[PDB]
Amino acid sequence: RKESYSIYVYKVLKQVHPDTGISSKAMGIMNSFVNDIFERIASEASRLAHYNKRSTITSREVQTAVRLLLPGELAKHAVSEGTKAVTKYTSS
Amino acid sequence: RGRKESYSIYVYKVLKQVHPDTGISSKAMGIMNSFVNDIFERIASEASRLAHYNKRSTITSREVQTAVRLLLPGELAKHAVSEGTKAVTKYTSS
Amino acid sequence: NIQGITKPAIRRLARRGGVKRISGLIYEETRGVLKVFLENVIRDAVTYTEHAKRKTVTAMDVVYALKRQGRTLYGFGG
Amino acid sequence: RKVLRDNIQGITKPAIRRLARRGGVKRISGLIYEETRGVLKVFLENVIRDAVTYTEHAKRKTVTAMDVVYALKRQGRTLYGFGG
Amino acid sequence: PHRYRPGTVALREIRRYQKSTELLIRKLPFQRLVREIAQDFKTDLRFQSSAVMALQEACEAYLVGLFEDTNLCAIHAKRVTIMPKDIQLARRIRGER
Amino acid sequence: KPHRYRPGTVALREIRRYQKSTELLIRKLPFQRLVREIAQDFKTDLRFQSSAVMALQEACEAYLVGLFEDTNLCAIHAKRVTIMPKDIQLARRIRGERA
Amino acid sequence: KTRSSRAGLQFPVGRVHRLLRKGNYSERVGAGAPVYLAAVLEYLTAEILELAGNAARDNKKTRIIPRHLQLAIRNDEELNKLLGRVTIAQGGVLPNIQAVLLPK
Amino acid sequence: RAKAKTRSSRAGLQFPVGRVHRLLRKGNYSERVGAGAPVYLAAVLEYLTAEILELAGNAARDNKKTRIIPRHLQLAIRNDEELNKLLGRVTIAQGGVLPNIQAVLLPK
DNA sequence: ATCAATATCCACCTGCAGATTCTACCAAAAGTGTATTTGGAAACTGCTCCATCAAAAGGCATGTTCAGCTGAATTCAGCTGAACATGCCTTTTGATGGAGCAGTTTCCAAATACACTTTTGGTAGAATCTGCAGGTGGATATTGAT
DNA sequence: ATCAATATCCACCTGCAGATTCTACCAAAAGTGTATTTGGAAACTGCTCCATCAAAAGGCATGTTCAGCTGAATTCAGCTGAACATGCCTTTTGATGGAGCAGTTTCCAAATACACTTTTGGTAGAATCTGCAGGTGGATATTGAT
């Protein structure tokens, strides 16, 4: 079994555009995009923990890495979304 | 205390092997330390990716070799492969 | 086989790159540049193929070769 | 505690001229100097932005050489000689 | 006998191919090229056809981008005609040389 | 005479002089002020190891020198000898700095 | 009941956790890290799909295709910079003719 | 108890095989590290060091100096095609540039 | 058109800041013994890639005509380089207060470990829906002639 | 641009088939509970090195004047590259065999992990050694002539 983000991309698409669809090639693009940004964020957070002699990647490393990788307003909204989702997850 | 490791003594040893009557300024030694750390991280991270791509949990000399072949520009690669192979076999002959 | 990259294919590429007028020398020059590019990308791709101990260059080998050359390509696995 | 302002004008016309010389330039339009100050301010802002992000993540108040070296490397401008 | 003036069909072609996304090199000659170059490393390698297609997308996107830079270089020299010297400047500044 | 060199002669001399040497070409204290001003607008009350200021200055000077080389080639390309803003812009656009 | 639903997200928090755990990134992965990373990935995906669907409605399509993704990426300053070194296959280029090449 | 031999002496190296092994093992490159990986890696790092130091020492001799400085490292890196490619995105602090004046700028 | 003026080259010399050597303490390799993990040898498939081959669709090669672009030539206003005086402000060397970097210690909130138990995403046929073929012909744009 | 004639562009349809969803099953993954361990935050502090201030000197920024020569603009033609007709052929489309290559599946020797103990290699700091910065001022090369 080979996994991908297809179903998740699809669900986000039905959030932001309920009537719009997406072709198979376009979903391959989106999948590559998710994989790309994942490896960028993770590998930057890994370097961040190394430089600071910590064995753990926490949301603090993910947030700093987002601040180094995304350009300006994308970074600000991404930090907002990550903080929101963590706060809503801890509450349970 | 604050003990700081570095490649300086090994760089210096190689210096004495290739030019026994030549010294090196501390800024030039900092360049050489920077270089060693840099090439190290390129090879180790390419080998990590190689093990990960093929679903292996171990970095072996094979991943190091193919990383060297992807990273070094040609004759550098060839001679680096020779020195690495030589050192490995010499090592394994205890 | 390089000459199979034809003058009109090269014109088509230049048109998409917005070029309106083209010197007669460009085609040969283009064929040189293309050749170097391909030799680089296939070289490393083959190297991934060889490390995996395969003899089928896969799409993912190409993706990795393009990636370590700073030319990330989407739509083929990453 | 005194106020830092307008320090991009410390990058003078003569210093810019020298840098162009090292870069091989024989003759320089009069508009180059403000252009160069703009390009330098942007470059140095980007580098320092990231170096301070490393400084903050480490809960320090002192930008180290290593923070700067990490920012330069993140941005494709690896610098040798300042790892100590 | 009706004739378009020089450049008019060229502008027409720019509009068409900038609106489109199809590959502009024919598949078989490029696959032949890929297999020759590759054989210059280990003969009789197989290729997944999606691998050949990945190579082609990479190659055409690279040449198209290079032609956009070359075009800016030609225009910088008060010209509308791209010349080998424009390709050369573009690649030198790109760090390809 | 009163002796006078022709325009270009002293600049060619300066190219040879500065391409032979490696000293920083920007005055040190003003560059440091620049670094502290930029950094303080991002987090008040940073200090700097002086090592970090010299690393910033090496990086900046090597960047400007490199860009000026590329700018020079752009000026030569348009059959000029004098670099102009449009040459810097062409260089930075082709570098992908601001395409 | 899953961590994704718990955090308000469509992207799979569990999968993202397993992928950090197994990616040779660090010895340990904190509990908030994959929540936060999944949220970032979902957000960027939504931005892209928002713009690409917009571009597909301005060409009056109902199916997003790679071309709409390229139009979405390149016409947006921050996304174009984030993805400045990315080739989208079958994406083409923006329509763009240098003014000096036009007639008259 | 047997006499201790460094792994470096065993591999015939000057670079430190055991340090390279620990750095591999604590770098989060992979769960485990093969015995021969730090020897090969240390070998390659020593070889590249020898190459650079060879060319930079020649450049110091040419400039009538016995101490290598960053300028000598720059001269060697940029005058060598393969080193210049390998280090194509690196700044050598205090390195300077190579003497180069475009033909069209020289007096006519 | 040698000559004056200027700059660079190159060799000299010696103290001292910087480099090299040495020395002793100790962190971390190395040896040793044992537990755990793994990746190859043999084996069994079944997608999947190449080697054929052919008909006809398009797309390319070639040769001619000429529009118009590139490049040479020429002119001239005015910008930018070269050379000067002046004196600011950087560099240097130095002394000093103290911020905070870093080195250590305790000890929990937050992590890993392991056993179960549900859930989900992948998968793949079958059943039901946008998008390309591709008709157009009808605008839209271009062109030579006034 | 005015205008008629010519060529290509393109909004507009309509079906059908090729993709995109329903139907449905199931291991692998995700979650939940419990038992543990532990990395890193808090607190506390020595002592490196950072910020700041000053003097004194003299390097280098600044501001000015002026004309050499460069960029800009213009004119013109030689010749190169766009457009086009024509007729040939390469590529597309697609079908067929079948080999051999990926790609899982266990079994287990061989390799790697990891704690504890011992044995140096490597670092810090002190002590010693020494290029060469940086000051000389002739020796040679280049420049731009009046």
Side-chain angles (χ1 to χ4, degrees), chain A residues 1-4 6-7 21 23-24 54-56, chain B residues 1-6 9 12 23-26 56-58, chain C residues 4 6-8 21-24 54-56, chain D residues 12-15 27-30 60-62 64, chain E residues 1-10 12 15-16 26-29 44 46-49 78-81, chain F residues 1-11 13 16-17 27-30 47-50 80-82 84, chain G residues 1-3 12 14-15 17-18 27-31 61-63 103, chain H residues 1-2 4-7 16 18-19 21-22 25 31-35 65-67 107:
Chain A
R1 49 156 221 102
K2 53 174 185 174
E3 33 190 298
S4 87
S6 271
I7 61 167
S23 66
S24 154
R54 302 321 219 271
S55 58
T56 313
Chain B
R1 190 42 100 195
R3 191 181 159 275
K4 279 170 210 129
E5 289 188 357
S6 189
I9 67 171
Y12 209 92
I24 187 157
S25 76
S26 46
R56 317 233 85 92
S57 65
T58 315
Chain C
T6 60
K7 181 179 176 187
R21 203 171 183 268
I22 298 178
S23 142
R54 300 183 267 92
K55 303 171 295 129
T56 302
Chain D
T12 61
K13 177 176 171 189
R27 196 166 188 278
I28 300 174
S29 147
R60 281 188 268 90
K61 303 183 74 184
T62 315
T64 65
Chain E
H2 173 281
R3 206 172 179 82
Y4 291 105
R5 288 152 57 106
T8 299
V9 182
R12 218 153 74 212
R15 301 192 162 93
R16 191 214 303 191
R26 301 269 69 103
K27 278 186 183 28
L28 198 289
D44 280 329
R46 300 167 168 61
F47 276 83
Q48 297 189 323
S49 55
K78 315 302 198 63
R79 280 187 283 103
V80 299
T81 304
Chain F
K1 305 178 36 195
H3 172 80
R4 178 168 275 266
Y5 286 105
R6 296 166 65 181
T9 303
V10 181
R13 183 188 313 157
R16 302 174 217 284
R17 173 201 170 165
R27 288 161 315 115
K28 284 182 189 296
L29 170 61
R47 21 195 65 197
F48 278 80
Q49 308 184 323
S50 51
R80 279 173 294 103
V81 134
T82 298
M84 305 171 163
Chain G
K1 190 179 105 181
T2 61
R3 282 186 278 174
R15 182 168 300 178
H17 196 153
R18 189 237 312 162
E27 289 289 306
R28 318 202 322 169
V29 184
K61 263 66 170 305
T62 62
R63 200 169 102 283
Chain H
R1 180 129 184 57
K5 295 186 183 180
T6 72
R7 293 191 272 175
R19 181 176 296 180
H21 185 201
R22 140 171 77 82
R25 147 181 89 80
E31 286 308 305
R32 34 183 66 212
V33 177
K65 311 264 207 299
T66 58
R67 170 176 302 144

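Throughout, protein chains are lettered first and strands after them, A, B, ... in sequence-line order, and every chain is numbered starting at 1.
Rounded to whole Å, the distance from CZ on E:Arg79 to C1' on J:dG81 is 14 Å. We find that CZ of C:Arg54 is positioned 7 Å from P of J:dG103, with the value rounded to whole Å. Between the CD atom of H:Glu31 and the P atom of I:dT37 there is a distance of 11 Å, rounded to whole Å. If you take NE2 of F:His3 and P of I:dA83, they are 6 Å apart, rounded to a whole angstrom. The CZ atom of H:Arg22 sits 11 Å away from the P atom of I:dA30 (whole-angstrom rounding). Note: CZ (D:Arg27) to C1' (J:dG71) measures 8 Å, nearest angstrom. When the P atom of J:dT38 is taken as reference, atom CZ of A:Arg54 falls 18 Å away, rounded to whole Å. Atoms CD1 (C:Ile22) and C1' (J:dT80) sit 14 Å apart, rounded to a whole Å.
Contact check, E:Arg15 against J:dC9: no side-chain N or O comes under 4.0 Å of OP1 or OP2. At least one side-chain nitrogen or oxygen of C:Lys55 sits closer than 4.0 Å to the OP1 or OP2 atom of J:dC101.
Out of J:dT70, J:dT8, I:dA30, the shortest distance to the side chain of F:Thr82 is found at J:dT70.
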Checklist entry - Which letter, B, S or -, goes with each nucleotide of nucleotides 48-62 of chain J from 5' to 3', with contact meaning a protein heavy atom under 4.0 Å? => result --SS---------SS

Item to check | Base-contact (B) and sugar-phosphate-only (S) positions in nucleotides 115-136 of chain I, heavy-atom cut-off under 4.0 Å, - elsewhere | outcome: ----S-SSS------SS-----

Every protein N/O lying under 3.5 Å from an N/O of nucleotides 33-35 of chain J:
none

Are there any protein N/O atoms within less than 3.5 Å of an N/O atom in nucleotides 107-110 of chain J, and if so, which ones and at what distance?
none

Distances for protein N/O vs nucleotides 143-146 of chain I N/O pairs under 3.5 angstrom?
residue: I:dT143; atom: OP1; partner: E:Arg5; partner atom: N; Å: 2.9
residue: I:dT143; atom: OP1; partner: E:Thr8; partner atom: OG1; Å: 2.8

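Residue H:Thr6 is the one, among E:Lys78 and H:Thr6, whose nearest nucleotide of DNA chain I lies closer to the 5' end (criterion: closest heavy atom). Between G:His17 and F:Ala11, the residue anchored closer to the 5' end of DNA chain I is F:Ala11, taking for each the nucleotide with the nearest heavy atom.
With respect to the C1'-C2'-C3'-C4' torsion, I:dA111 shows a north sugar, the value lying on the positive side.
In the helix from I:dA11-J:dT136 to I:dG46-J:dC101, the terminal helix axes, each the rotation mapping four pairs' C1' atoms onto the next four within five end pairs, subtend 140°, rounded to 10°.
Nucleotide I:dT96 forms a pair with J:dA51, judged by Watson-Crick or G-U wobble geometry with both contacts under 3.5 Å.
Contact annotation for E:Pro29: backbone-only contact, meaning every heavy-atom pair under 4.0 Å involves sugar-phosphate atoms and none involves a base. Using a 4.0 Å heavy-atom criterion, one finds that D:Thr64 contacts no nucleic acid atom at all.
A donor atom on one side chain and an acceptor atom on the other are not found under 3.5 Å apart for C:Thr56 and E:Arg46.
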